[PDB]
Every structure is written in C-alpha cells, then in structure tokens.
Amino acid sequence: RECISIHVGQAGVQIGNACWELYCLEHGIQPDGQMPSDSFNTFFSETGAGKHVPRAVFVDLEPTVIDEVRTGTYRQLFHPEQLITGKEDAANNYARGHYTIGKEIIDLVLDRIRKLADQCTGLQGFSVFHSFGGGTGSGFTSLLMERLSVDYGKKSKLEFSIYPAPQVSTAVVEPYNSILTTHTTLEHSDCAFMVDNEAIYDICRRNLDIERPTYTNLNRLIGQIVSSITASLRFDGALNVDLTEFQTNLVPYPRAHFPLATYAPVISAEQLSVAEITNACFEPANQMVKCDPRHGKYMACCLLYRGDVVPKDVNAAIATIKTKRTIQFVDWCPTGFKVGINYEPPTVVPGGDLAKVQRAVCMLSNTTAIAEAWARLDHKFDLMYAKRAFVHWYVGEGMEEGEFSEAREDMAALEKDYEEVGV
Amino acid sequence: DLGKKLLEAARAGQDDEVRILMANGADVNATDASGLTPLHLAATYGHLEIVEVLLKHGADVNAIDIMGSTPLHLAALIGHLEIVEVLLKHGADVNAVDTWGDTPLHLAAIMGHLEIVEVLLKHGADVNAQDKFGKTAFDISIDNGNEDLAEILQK
Amino acid sequence: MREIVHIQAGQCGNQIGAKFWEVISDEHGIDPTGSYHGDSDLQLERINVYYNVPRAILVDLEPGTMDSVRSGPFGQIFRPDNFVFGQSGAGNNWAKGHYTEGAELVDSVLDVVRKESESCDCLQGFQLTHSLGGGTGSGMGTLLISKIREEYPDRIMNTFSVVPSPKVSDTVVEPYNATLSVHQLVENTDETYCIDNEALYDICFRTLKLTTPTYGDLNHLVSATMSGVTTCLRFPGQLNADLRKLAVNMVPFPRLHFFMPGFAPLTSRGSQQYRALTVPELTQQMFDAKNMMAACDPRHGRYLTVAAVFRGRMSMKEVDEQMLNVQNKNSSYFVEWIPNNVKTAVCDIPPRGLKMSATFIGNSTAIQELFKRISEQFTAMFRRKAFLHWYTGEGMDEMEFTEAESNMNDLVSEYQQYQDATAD
Ligand SMILES: Nc1nc2c(ncn2[C@@H]2O[C@H](COP(=O)(O)OP(=O)(O)OP(=O)(O)O)[C@@H](O)[C@H]2O)c(=O)[nH]1
Ligand SMILES: Nc1nc2c(ncn2[C@@H]2O[C@H](COP(=O)(O)OP(=O)(O)O)[C@@H](O)[C@H]2O)c(=O)[nH]1
Ligand SMILES: [Mg+2]
Ligand SMILES: [Mg+2]
C-alpha cells in the first residue's frame, strides 16, 4: 500500500519541505508529528507513541540545506537517519553526482532506503524529487535510479524533475546535466512530471503578483501542484489510486512518459466556477512546462478535481471544451477524458500568498507539444558541445566523453519518437 | 499492457475481467505471438459470453492467425456448437481455409462434431472443399469408416 | 566545501594580501585583536571560510617583510606559526625563487599549509596572492602552487596574480619572470584573477587624477576588488557560492582560466562619495574599460563567461533588467555558443565607504592583449639574451625560456581562436 519519497539535491530537499509541510496541513498532522485525528498511511508510518513519520529519504552531497531541515519547524517530524548528507557537493557537475562523489555515498543511501522499505509490507514504488541542472540532482539521482531498478526492480518509480530556467539558473552547464540524467534515467523511470521553473516564475509574477519571486514562492506553488497529483494516493480517490495507474492512464509508450501538468486556479491572497477553472486547464499560461499543446497531439488526459465540485458541472465543462475547442487526439487513443474528484478543499499555508480556493483542478495530459521543452535543452546543449565547452570538467571526474554523444543521440531519438506519434 | 491482459482474460474466461479491461480501452483485436486475437482464444476454450461481447465491440470475426486459423476454425475443431452459431450469425467465413488447407467442415468432421457439421452445412459449407492431401470432408468420412458422418454430409 | 586556506608570498603578496585582510576583517566585523564587534548575522554566517583569526600563511624570502606586516594595522591577528620567511631575498630572479633559494624554504611552508588544512571540516581550495615580475612571489609561488597541486589534487587553486608594467618598475627582467610564471599558472591553477599594474596606474593617474600613484594607491584598488569577487564566497548566496562552482561556470576550457576583473565605482583613498550611483550607472561600468583591473579592452574581444556581483540594497528587479539589457544591446560581444553565460548575484551588505557597488569578473578573450604585451617585452629581451646568466646559473636551462615563450603564444592563439569562433 505504501509509497516512499526521495529528495535529491537542494531542489528535491527544499521542494520536499514544501510538500511535507503541505501534506501535514492536509492531513492535520502536527510539526511534532502528532495528530488529534487508512488512506493517508500510504505516505506516513506510525510510531507506538501515536506519532506519524513520513516515508521519506532526504539526500544532498552537502549539509547546508538538509541542516536547515533538522533545525527547523519540522525537525521533529523526520527520524535523523532519514536525513543524509555528504560534505563535498557535486559542483553543478553530473559526473561528480554520478561517478566521483555519488559512489562514495550511494551505498549509505540505498541502505537507509532499505530500512524504510523493511517497515513496509506491500511497497508500491518510489517518488523521486530532484533538479535537472544541479550536479547532485542530475548525477546522483540517475545513479540512484539505476540501483533502485536492481534492488527493487519489480516496482514503480516516479520522477518530479525541476526543468531549468535562466531566471533562477545557478549554472551554465545545466543543459548538459539535464540531458545527461534524462538519458540515463530514461529506462529506469516509469513516469516523470517536469516542472519548468520559468512557468512557475511567470505564474508567480502574474497571478500571485510578485516582482522578483524567491524559491519559497516557487516551491509553495509547486508543492500545491504536486499535492494535486499525489492527492489520489493519499485520500483513496477513484482515479490514480496506485502508482501503476499513472502509467496505465498516462503512459502509452515506455519512453514517452513525460506528462504536462496544468493547474487552476492560482488566486492571490489580496470564487470561480467549475467551468471557468476547466477552461484554464487548456490555457498555456497556467501550465507547468512552457509549450503549446495546440501544436501537438494528446496521448491521454486526466482531470483531478478537488473541492466543492458537482459531477454534472464537470461533464458540462468537459462537453464545452470537447465541442467548443479543438483538442486534437491521436487516432489510437481512447478519445475520452478520464476524471476523478476529491471533495476536500485545497489547503494552503497559513501566511501563504496563495489564497484558499473553493475548488481546484490539476489536468495531467501527455501531449506531444512537450517535445518543445526537450528541443530547447537539446539546442542549448548542441551550442556548447559543438565547441566541447565545459566538457573537461565532466571528463575529468570519471566520465567518458562518448557518454555526451550517446546521451544526445538518445535525446535526438526521443525527439523523433514524439514526432512519429504526432503525424 | 492491456492487450496482453485481455488475451489472458478471454482465454482463462474471466468475464468480468474482460469487461474491466475493455473499460480501460483494451485492444479487442490484439494479437499474441502467433496472431491469436481474444476472439480466437474465447472461441477455442468455449467462452460464449466473452465471444458475444467481443463481437459486439468490433472484433474481426474473420481474423486469421499466423497459421490462417479463423475463430470458426477453432470453434468447429474443439466442438463449441453455441459459438459456431454465434460466429456464423456475425458473418463468419464458413469456407475459410487455413495454412493446412482445412475448412471448418474438415475439423468438425475429423473430431466427430456431427451437430456442428450439420450447422456448417446449412450455412453453405463446401462439401467439395479439399485439403492439402486432396481430401474433402466426405473423403474423411469414407476413409475413416464413419457412416454416421457420411450420412450427415449427404443430407 | 567550506574553508579556504589563504597564502601570500613575496613583497606584493603580503602587501595586497594584508590589505585584503584589512578590508574583509572590517566587513565581517573583526577587530585587530580578533574579536567580533559586528551587529549582523549575515557577517558571521560564513566567517568560517576565511577565519577560525585568519587562515592565512605569510611567506617571503625577504625577512624584512615579516615586520612590515606585523607593524601594519591588522598585523597582530595573524598566527605567529604561519609566518615562514627566509634569510636572504630572491632579487627579481625567478630561478632563485623556483629552483634554488625559494625551493629550500618551500617545505617549511607546506608544513604550515598542511597544519591549517588538517583542521578543516571540508576544504574548498587555496588562495595565493603574489606578483609575477618578482623572484619570490612568482618563482616560489608557482613552485608552491605545483607542490600543493600534487599534495592536494582534490582541491581548487585560485590566485590573485599581479602583472608587471614598466609604469611601476623599470626592472627589465620582469618580462622573463612573468612569462615563466604564466607558463606555470596555465597548467597549475583552476582560476587566476589578472591584476595589471599597467591598468592600476592608468586608473589612479587618469580616472582618480593622482599625479604620482604609490603602491598604497594601487593596493587600494586591489583590496577593494578582492573583497568584491569574494563576496559570494563570504556571505550567504545562491549563485557562484563555492570556488569549484564558480570555476565550473567561469572556465569552459582548462587553459583559458584568466579572468579580467573590474569593479565600480572607482574611489580614491578615503575620499568622500556623497552621490551614490544608480543601478543603470553601475551596470554601465562593465564594458567601461576604465574600470578593468587588467589593461585590456573588452570591446576588442568577446566574453566567454561573466560573473556580476552587486553589493548593497537595491532593486533585484532593476539589476536583472539592466543586465538582461546590456547583454542583448551588445549581443555581438558575448559569445553565442555559450547560452546564459552571464550570471548576476546580489549581496545586501555593501562594501566599506559605499552605498552601492558592483564587481565584474569576466573571462574575456581580449585578455590576449595582456599576454601579447608580456610576450613582446619577453622576446625583445630574450632575442638579445640579456640577463640570462642569472637564470641559467641557478640551474635553469635556456630551453625553458623558449618553451614558456611558445606556451604563452599558444595561450594567446587559443584566445584568438575562440574569439573568431562562430555558432552558425
Ligand atoms: N523550483 C525550484 N528550483 C530549484 C530549487 N532549488 C534549486 N532549484 C533549481 O535547481 C537547479 C540546480 O540547483 P540544485 O538542485 O540546488 O543543485 P544540486 O541538486 O544541489 O546539485 P549540486 O549543488 O551541484 O551539488 C537550479 O537551476 C535551480 O534553479 C527549489 O527549491 N525550487
Ligand atoms: N600592485 C602592487 N604591485 C607591487 C607591489 N609591490 C611590488 N609590486 C610589483 O611586483 C613586481 C615586483 O615583485 P615583488 O613582489 O616586489 O618581488 P618578490 O618579493 O620577490 O615577490 C613589480 O612588477 C612591482 O610593480 C605592491 O605593493 N602592489
Ligand atoms: Mg546543492
Ligand atoms: Mg621582497
């Protein structure tokens, strides 16, 4: 019944905090772990003393970020053995995350995962949170995913990748790191939700009304949308009740397993209808990955409503969009939109710039227009690899230069795989 | 893969698990390794309710496999009179030939399914159809001393 | 990636070195006795980087320099053991610093380096200040670097090397010494800030209108630059946080790691700055070649990578806008095949005596101009074979000069290649 979450690099770790902050508010769980109040034990385990502990591992090749976890609001929530830190970071280098530094700590990390999996009876699989451009996030994750495909091979693994964006980008080589992990993590991931930090930036500047967002701003918005996807697993809905169903509903091709997530509504803290929010799911401005689905074919599409929702309003709003817009599907797909509803209201953080809304929706749709995002990375990659720029850093940390090309071909092949489906 | 679960379901005969798999959009005309559709498997192992469900959701009644076996071939071989009549009602090819040159009438005659022989005949089965060796269903009744089948073949 | 071990070698090394410790001790709120009298946590957040008391080793063959440091303002704070000094001086002979006399002492220095590294939670790398036209700072410094490089290959090597210019010393052997030293730095250091005395004089003379600049005047510009480039390292911040990440986003090709630093606004020694600059004004001290600490014209080449550090309270929105502006309004000057090669970071704590400031670290191919000047002076000297008996007598071979000459010219050619490169 149980799902294990893993957080790799600052991105994973800090988005993790935002998600487990938000999970504990949605489940009425206290910062100390207590609860004055099952479906939610998919994510949490239980102590003999009435304390509810997350089924989570935090990993970073450097203390600073995870140190703030275990001296913060939720320091008591996690067991200290779950929070793992090295000393030398990967320094924005996939090679160090995967080869040089990652091998020094991979075994300790896999060991601490076994301790959480041993507590579980019918383990489903893994949720994995990590950046693309980060050295740890790219290199170590891809390594950990390889090794989880051995030590737990017969079960699911889901990604929550943070797609890079120059507005918050810390490194020049982030295209490299993105391509390198996506190549080596392609075969080992069953489904993967990309999060373009540019879209999250754009959304927070427009709909949250912030001049220069911070990471807290972006992570909170992101955690809201992650909660919307994992709500089906935490409250026992009708749709997407276990990790296999994500692949069944959204993945009709092992490789092409990258859904576009769209979330409405994002209301500043300074109500809409069911129809209004469902139209916003087909507005590009509210997507998590910047692309144009109008330029692409849908392989599948799920709608996860939560809150004050009448099942008939949904069917009206669906028929509205199925008639009054031209959402092109592939011919070999069930042309019907899958739906599920969870009547509990979207929780926000007390203090949050995001307002409590009466109802909300998160549309998960495996459109071929998301290939546009791969094209933007591949292009940036090509410019730098044309001059072998920054390549010596990678090659000097245990990586063969060939691996660059093998990865790029796998990304070129993936761009062809998206094309042939959509023609 | 939902097309492989539907193949397994139609074979093992889990009527509910066929309906469920079809409710998630499973491929009704999915082939296994040797080209066998779920209709092949349901008609082989005598699962009448699954046969009628697949036919009503757009299964190719005349789908062949790697050996040219139609569902009517396999139903008449195993001796499923109920399914033979359902297949014919959905426009099955009574005189389909397979890689060995046999028609459904050949297989029902060899296995002694006299009631199915009579049904096939009344739907215009070709008594003069020959197999590879050159033998008709009537030749099979003569060569195998089967006077009950010889009589039903000339009725 | 926490602690940094600092080294200063030779006269110049300990001069701009001590000046650097003066500047960042104030900024972090440390007095000469070594006690915190600040009033902010953003000051002691990453004090562990440069301090324990400085993590600084002082080196010179010239024993007099010992006292010039301790008799300075913050001279009391440095650990007595970390002073390592020879009996005689090198006398502008790179060979004496690298092979003979400087080599005799280098072991004693490595013993102290080891001692300071031994008690580090997690070392980042090293930081050496020195001049290149000297005998000790160049010859023994480069020998120290290699000796550390091989004893600590898992660490960064970061130098603040100052280039000789006839405008500051008429010694003609400096082209030899600096050429030999550049032949070392291109092979032995991950990143090197090129401090050009030619440019320091031209700034004190022409922009600051001082008819006779002293070392102190040139050293003021340097110490302020160093605190600027080390702002990311010393205060909390997302971007260019540690030495390795910096070099990762600054150095695309291992040999081309010579940064052209420059910062703004340019102030005199303790002058009054009534009018504080605006964000667009600071931003327009980047291409402004009168703010470069290296005597090169960024207009004459192309930027491979750029790091901008804005210090003070100001609009992060406006800085982003101005930087995004100045990049695309001069798009032909930034290399196209490295996307998002310019990176900007802000620190709220301004430098001493200024309300706002901005430092501009750039890997510009124009730096080839600097290496051109050194090589032409080297070749003019070397073709007449002047003063070679100094170096050869100390065990050097005439061949070495040819190799260093050729190797610097390869370094110039490489910069010229990537300048003329195209994305197409
Ligand atoms: N949305 C979001 N993005 C983040 C967050 N933290 C980092 N990022 C992005 O992730 C990318 C890589 O940074 P990190 O994840 O911190 O790198 P890392 O995984 O720690 O790897 P190393 O630091 O190199 O060892 C950058 O482009 C950041 O923009 C976060 O909390 N939220
Ligand atoms: N900017 C600056 N340059 C110096 C200083 N002292 C010496 N130099 C330069 O360094 C070179 C002389 O080397 P020096 O460091 O004095 O010799 P060393 O003691 O053997 O290392 C010449 O190019 C001088 O112009 C100083 O205090 N500041
Ligand atoms: Mg990190
Ligand atoms: Mg001296």
# chains A, B, ... in the order shown; residues from 1 in each chain; ligands from 1
>>> interface_residues(of="chain B", to="chain A", cutoff="9 Å", atoms="only C-alpha atoms", output="PyMOL selection string")
chain B and resi 1-2+24-25
>>> write_last_selection(atoms="N, CA, C and O atoms", output="short mmCIF file (atom, residue, chain, number, x, y, z; two decimals), in the first residue's frame")
data_model
loop_
_atom_site.label_atom_id
_atom_site.label_comp_id
_atom_site.auth_asym_id
_atom_site.auth_seq_id
_atom_site.Cartn_x
_atom_site.Cartn_y
_atom_site.Cartn_z
N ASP B 1 0.66 -3.63 -20.18
CA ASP B 1 -0.06 -3.79 -21.44
C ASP B 1 -1.45 -4.38 -21.23
O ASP B 1 -1.60 -5.48 -20.68
N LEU B 2 -2.46 -3.64 -21.67
CA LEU B 2 -3.84 -4.08 -21.54
C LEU B 2 -4.25 -5.07 -22.62
O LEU B 2 -5.18 -5.85 -22.40
N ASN B 24 -11.07 0.04 -19.75
CA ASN B 24 -9.88 0.88 -19.85
C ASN B 24 -9.33 0.97 -21.28
O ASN B 24 -8.16 1.33 -21.46
N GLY B 25 -10.16 0.67 -22.28
CA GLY B 25 -9.76 0.80 -23.67
C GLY B 25 -8.77 -0.23 -24.17
O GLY B 25 -7.84 0.12 -24.90
#
>>> residues_near_ligand(ligand="ligand 2", cutoff="7 Å", atoms="only C-alpha atoms and all ligand atoms", output="PyMOL selection string")
chain C and resi 9-13+15-16+60+62+89-92+130-138+162-165+168-169+174+197+215-216+218-219
>>> closest_atom_pairs(of="chain C", to="ligand 3", cutoff="12 Å", atoms="only C-alpha atoms and all ligand atoms", output="CSV")
residue,atom,partner,partner_atom_place_in_ligand_line,distance
C:1,CA,ligand 3,1 (Mg),10.6
C:238,CA,ligand 3,1 (Mg),9.5
C:239,CA,ligand 3,1 (Mg),10.8
C:240,CA,ligand 3,1 (Mg),11.5
C:241,CA,ligand 3,1 (Mg),10.0
C:242,CA,ligand 3,1 (Mg),10.6
C:245,CA,ligand 3,1 (Mg),10.1
>>> write_last_selection(atoms="N, CA, C and O atoms", output="PDB file, in the first residue's frame")
ATOM      1  N   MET C   1      32.376  21.776   1.054  1.00  0.00           N
ATOM      2  CA  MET C   1      33.032  22.955   0.504  1.00  0.00           C
ATOM      3  C   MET C   1      32.835  24.151   1.430  1.00  0.00           C
ATOM      4  O   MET C   1      31.922  24.954   1.234  1.00  0.00           O
ATOM      5  N   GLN C 238      22.949  32.239  -3.362  1.00  0.00           N
ATOM      6  CA  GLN C 238      22.642  31.076  -4.188  1.00  0.00           C
ATOM      7  C   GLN C 238      23.720  30.832  -5.237  1.00  0.00           C
ATOM      8  O   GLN C 238      24.140  29.689  -5.451  1.00  0.00           O
ATOM      9  N   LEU C 239      24.180  31.890  -5.897  1.00  0.00           N
ATOM     10  CA  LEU C 239      24.934  31.781  -7.138  1.00  0.00           C
ATOM     11  C   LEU C 239      26.429  31.968  -6.903  1.00  0.00           C
ATOM     12  O   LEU C 239      26.841  32.799  -6.088  1.00  0.00           O
ATOM     13  N   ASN C 240      27.234  31.194  -7.638  1.00  0.00           N
ATOM     14  CA  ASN C 240      28.699  31.203  -7.534  1.00  0.00           C
ATOM     15  C   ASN C 240      29.155  31.089  -6.080  1.00  0.00           C
ATOM     16  O   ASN C 240      30.011  31.840  -5.608  1.00  0.00           O
ATOM     17  N   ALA C 241      28.580  30.119  -5.367  1.00  0.00           N
ATOM     18  CA  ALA C 241      28.723  30.086  -3.914  1.00  0.00           C
ATOM     19  C   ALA C 241      30.117  29.636  -3.491  1.00  0.00           C
ATOM     20  O   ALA C 241      30.761  30.287  -2.660  1.00  0.00           O
ATOM     21  N   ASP C 242      30.601  28.528  -4.044  1.00  0.00           N
ATOM     22  CA  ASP C 242      31.909  27.997  -3.685  1.00  0.00           C
ATOM     23  C   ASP C 242      32.872  28.060  -4.867  1.00  0.00           C
ATOM     24  O   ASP C 242      32.482  28.291  -6.016  1.00  0.00           O
ATOM     25  N   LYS C 245      32.181  25.606  -7.991  1.00  0.00           N
ATOM     26  CA  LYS C 245      31.032  26.029  -8.788  1.00  0.00           C
ATOM     27  C   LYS C 245      31.354  27.272  -9.606  1.00  0.00           C
ATOM     28  O   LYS C 245      30.985  27.358 -10.783  1.00  0.00           O
TER      29      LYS C 245
END
>>> closest_atom_pairs(of="chain A", to="chain C", cutoff="6 Å", atoms="only C-alpha atoms", output="Markdown table")
| residue | atom | partner | partner_atom | distance |
| --- | --- | --- | --- | --- |
| A:88 | CA | C:1 | CA | 5.4 |
| A:91 | CA | C:245 | CA | 4.8 |
| A:170 | CA | C:239 | CA | 5.3 |
| A:171 | CA | C:249 | CA | 5.7 |
| A:172 | CA | C:249 | CA | 5.4 |
| A:383 | CA | C:337 | CA | 4.7 |
| A:384 | CA | C:337 | CA | 5.6 |
| A:389 | CA | C:252 | CA | 4.9 |
| A:390 | CA | C:252 | CA | 4.1 |
>>> write_last_selection(atoms="C-alpha atoms", output="compact mmCIF listing (two decimals), in the first residue's frame")
# COMPACT_ATOMS: atom_id res chain seq x y z
CA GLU A 88 31.72 17.94 -0.88
CA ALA A 91 29.53 21.49 -8.01
CA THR A 170 22.81 28.86 -11.00
CA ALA A 171 25.00 27.22 -13.67
CA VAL A 172 25.98 27.48 -17.32
CA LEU A 383 25.87 25.01 -28.95
CA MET A 384 28.19 24.22 -26.04
CA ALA A 389 32.86 23.72 -23.84
CA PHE A 390 32.99 22.81 -20.14
>>> atom_distance(atom1="CA of residue 19 (chain B)", atom2="CA of residue 89 (chain B)")
22.1 Å
>>> residues_around(residues="region 147-152 of chain B", least_positions_apart="3", cutoff="12 Å", atoms="only C-alpha atoms", output="list in words")
residues 105, 106, 108, 109, 110, 111, 112, 113, 114, 115, 116, 117, 118, 119, 120, 121, 122, 127, 136, 137, 138, 139, 140, 141, 142, 143, 144 and 155 of chain B
>>> decode(residues="region 6-138 of chain B", atoms="C-alpha atoms", output="mmCIF file, in the first residue's frame")
data_model
loop_
_atom_site.group_PDB
_atom_site.id
_atom_site.type_symbol
_atom_site.label_atom_id
_atom_site.label_comp_id
_atom_site.auth_asym_id
_atom_site.auth_seq_id
_atom_site.Cartn_x
_atom_site.Cartn_y
_atom_site.Cartn_z
ATOM 1 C CA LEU B 6 -7.303 -9.148 -22.477
ATOM 2 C CA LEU B 7 -5.736 -12.084 -24.310
ATOM 3 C CA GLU B 8 -5.197 -13.872 -20.994
ATOM 4 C CA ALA B 9 -8.662 -12.959 -19.723
ATOM 5 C CA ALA B 10 -10.539 -14.092 -22.846
ATOM 6 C CA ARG B 11 -8.591 -17.362 -22.649
ATOM 7 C CA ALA B 12 -8.995 -18.109 -18.937
ATOM 8 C CA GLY B 13 -12.580 -16.888 -19.224
ATOM 9 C CA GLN B 14 -12.856 -14.115 -16.627
ATOM 10 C CA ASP B 15 -15.982 -12.437 -17.985
ATOM 11 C CA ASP B 16 -15.772 -9.570 -15.506
ATOM 12 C CA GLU B 17 -12.055 -9.010 -16.038
ATOM 13 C CA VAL B 18 -12.697 -8.814 -19.777
ATOM 14 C CA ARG B 19 -15.338 -6.123 -19.237
ATOM 15 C CA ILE B 20 -12.958 -4.234 -16.918
ATOM 16 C CA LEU B 21 -10.032 -4.465 -19.334
ATOM 17 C CA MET B 22 -12.287 -3.251 -22.145
ATOM 18 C CA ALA B 23 -13.488 -0.402 -19.898
ATOM 19 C CA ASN B 24 -9.878 0.880 -19.852
ATOM 20 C CA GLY B 25 -9.756 0.805 -23.665
ATOM 21 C CA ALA B 26 -8.054 -2.538 -24.270
ATOM 22 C CA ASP B 27 -7.406 -3.574 -27.875
ATOM 23 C CA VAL B 28 -10.190 -6.004 -28.816
ATOM 24 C CA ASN B 29 -8.171 -7.104 -31.880
ATOM 25 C CA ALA B 30 -4.846 -7.547 -30.067
ATOM 26 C CA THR B 31 -2.653 -10.419 -31.305
ATOM 27 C CA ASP B 32 -0.366 -12.670 -29.273
ATOM 28 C CA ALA B 33 2.900 -14.100 -30.649
ATOM 29 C CA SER B 34 1.154 -16.398 -33.143
ATOM 30 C CA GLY B 35 -1.539 -13.937 -34.217
ATOM 31 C CA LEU B 36 -4.355 -15.136 -31.943
ATOM 32 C CA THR B 37 -6.947 -12.492 -31.075
ATOM 33 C CA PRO B 38 -9.034 -12.707 -27.887
ATOM 34 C CA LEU B 39 -11.885 -13.928 -30.099
ATOM 35 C CA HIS B 40 -9.670 -16.846 -31.174
ATOM 36 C CA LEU B 41 -8.965 -17.751 -27.551
ATOM 37 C CA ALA B 42 -12.538 -17.362 -26.287
ATOM 38 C CA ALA B 43 -13.858 -19.416 -29.218
ATOM 39 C CA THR B 44 -11.249 -22.142 -28.659
ATOM 40 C CA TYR B 45 -11.938 -22.704 -24.964
ATOM 41 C CA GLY B 46 -15.716 -22.288 -25.152
ATOM 42 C CA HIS B 47 -16.420 -18.921 -23.517
ATOM 43 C CA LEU B 48 -19.671 -17.991 -25.214
ATOM 44 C CA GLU B 49 -20.404 -14.847 -23.206
ATOM 45 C CA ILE B 50 -16.940 -13.458 -23.955
ATOM 46 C CA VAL B 51 -17.351 -14.314 -27.651
ATOM 47 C CA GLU B 52 -20.615 -12.370 -27.905
ATOM 48 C CA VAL B 53 -19.113 -9.403 -26.017
ATOM 49 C CA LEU B 54 -16.059 -9.178 -28.285
ATOM 50 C CA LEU B 55 -18.180 -9.490 -31.427
ATOM 51 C CA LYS B 56 -20.485 -6.667 -30.277
ATOM 52 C CA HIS B 57 -17.492 -4.359 -29.566
ATOM 53 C CA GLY B 58 -15.942 -4.719 -33.020
ATOM 54 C CA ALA B 59 -13.891 -7.855 -33.170
ATOM 55 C CA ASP B 60 -12.891 -9.139 -36.574
ATOM 56 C CA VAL B 61 -14.970 -12.320 -36.859
ATOM 57 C CA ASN B 62 -12.740 -13.458 -39.739
ATOM 58 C CA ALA B 63 -9.346 -12.620 -38.247
ATOM 59 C CA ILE B 64 -6.723 -15.218 -39.061
ATOM 60 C CA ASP B 65 -3.579 -16.033 -37.095
ATOM 61 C CA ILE B 66 -0.085 -16.973 -38.283
ATOM 62 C CA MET B 67 -1.494 -20.333 -39.450
ATOM 63 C CA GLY B 68 -4.634 -18.963 -41.115
ATOM 64 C CA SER B 69 -6.951 -20.124 -38.328
ATOM 65 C CA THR B 70 -10.189 -18.168 -38.060
ATOM 66 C CA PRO B 71 -12.272 -18.317 -34.868
ATOM 67 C CA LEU B 72 -14.767 -20.517 -36.730
ATOM 68 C CA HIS B 73 -11.956 -22.995 -37.443
ATOM 69 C CA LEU B 74 -11.122 -23.303 -33.747
ATOM 70 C CA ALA B 75 -14.741 -23.401 -32.557
ATOM 71 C CA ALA B 76 -15.559 -26.201 -35.000
ATOM 72 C CA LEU B 77 -12.382 -28.070 -34.026
ATOM 73 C CA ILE B 78 -12.990 -28.019 -30.267
ATOM 74 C CA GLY B 79 -16.738 -28.509 -30.739
ATOM 75 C CA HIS B 80 -18.480 -25.407 -29.376
ATOM 76 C CA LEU B 81 -21.859 -25.532 -31.118
ATOM 77 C CA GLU B 82 -23.095 -22.393 -29.335
ATOM 78 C CA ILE B 83 -20.093 -20.364 -30.505
ATOM 79 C CA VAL B 84 -20.133 -21.783 -34.051
ATOM 80 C CA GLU B 85 -23.690 -20.487 -34.459
ATOM 81 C CA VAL B 86 -22.840 -17.083 -32.949
ATOM 82 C CA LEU B 87 -19.802 -16.656 -35.219
ATOM 83 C CA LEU B 88 -21.821 -17.549 -38.325
ATOM 84 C CA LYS B 89 -24.500 -15.065 -37.230
ATOM 85 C CA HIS B 90 -21.857 -12.304 -37.141
ATOM 86 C CA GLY B 91 -20.812 -13.102 -40.718
ATOM 87 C CA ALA B 92 -18.062 -15.668 -40.268
ATOM 88 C CA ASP B 93 -16.479 -17.211 -43.352
ATOM 89 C CA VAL B 94 -17.881 -20.750 -43.371
ATOM 90 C CA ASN B 95 -15.417 -21.810 -46.096
ATOM 91 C CA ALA B 96 -12.281 -20.194 -44.706
ATOM 92 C CA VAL B 97 -9.148 -22.198 -45.449
ATOM 93 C CA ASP B 98 -6.086 -22.278 -43.209
ATOM 94 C CA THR B 99 -2.407 -22.967 -43.909
ATOM 95 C CA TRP B 100 -3.075 -26.731 -43.930
ATOM 96 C CA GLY B 101 -5.932 -26.352 -46.418
ATOM 97 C CA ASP B 102 -8.634 -27.307 -43.923
ATOM 98 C CA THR B 103 -12.022 -25.618 -43.684
ATOM 99 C CA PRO B 104 -14.172 -25.591 -40.529
ATOM 100 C CA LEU B 105 -16.081 -28.517 -42.059
ATOM 101 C CA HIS B 106 -12.859 -30.565 -42.190
ATOM 102 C CA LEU B 107 -12.126 -30.031 -38.494
ATOM 103 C CA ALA B 108 -15.672 -30.656 -37.255
ATOM 104 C CA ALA B 109 -15.761 -33.860 -39.318
ATOM 105 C CA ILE B 110 -12.396 -35.184 -38.090
ATOM 106 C CA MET B 111 -13.362 -34.628 -34.437
ATOM 107 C CA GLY B 112 -16.848 -36.112 -34.855
ATOM 108 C CA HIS B 113 -18.858 -32.968 -34.041
ATOM 109 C CA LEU B 114 -21.828 -34.132 -36.096
ATOM 110 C CA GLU B 115 -24.180 -31.425 -34.801
ATOM 111 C CA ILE B 116 -21.736 -28.698 -35.838
ATOM 112 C CA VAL B 117 -21.212 -30.410 -39.206
ATOM 113 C CA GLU B 118 -24.959 -30.085 -39.789
ATOM 114 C CA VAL B 119 -24.961 -26.398 -38.800
ATOM 115 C CA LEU B 120 -21.971 -25.586 -41.030
ATOM 116 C CA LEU B 121 -23.568 -27.444 -43.951
ATOM 117 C CA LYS B 122 -26.806 -25.465 -43.604
ATOM 118 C CA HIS B 123 -24.771 -22.234 -43.759
ATOM 119 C CA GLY B 124 -23.369 -23.372 -47.109
ATOM 120 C CA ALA B 125 -20.232 -25.268 -46.183
ATOM 121 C CA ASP B 126 -18.312 -26.523 -49.205
ATOM 122 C CA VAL B 127 -18.627 -30.310 -49.224
ATOM 123 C CA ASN B 128 -16.269 -30.347 -52.232
ATOM 124 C CA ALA B 129 -13.555 -28.342 -50.456
ATOM 125 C CA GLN B 130 -10.273 -30.247 -50.465
ATOM 126 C CA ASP B 131 -7.297 -30.126 -48.131
ATOM 127 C CA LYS B 132 -3.577 -30.300 -48.958
ATOM 128 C CA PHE B 133 -3.609 -34.090 -49.403
ATOM 129 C CA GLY B 134 -6.669 -33.570 -51.604
ATOM 130 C CA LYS B 135 -9.350 -34.929 -49.279
ATOM 131 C CA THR B 136 -12.809 -33.494 -48.675
ATOM 132 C CA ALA B 137 -14.895 -33.849 -45.530
ATOM 133 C CA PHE B 138 -16.724 -36.623 -47.388
#
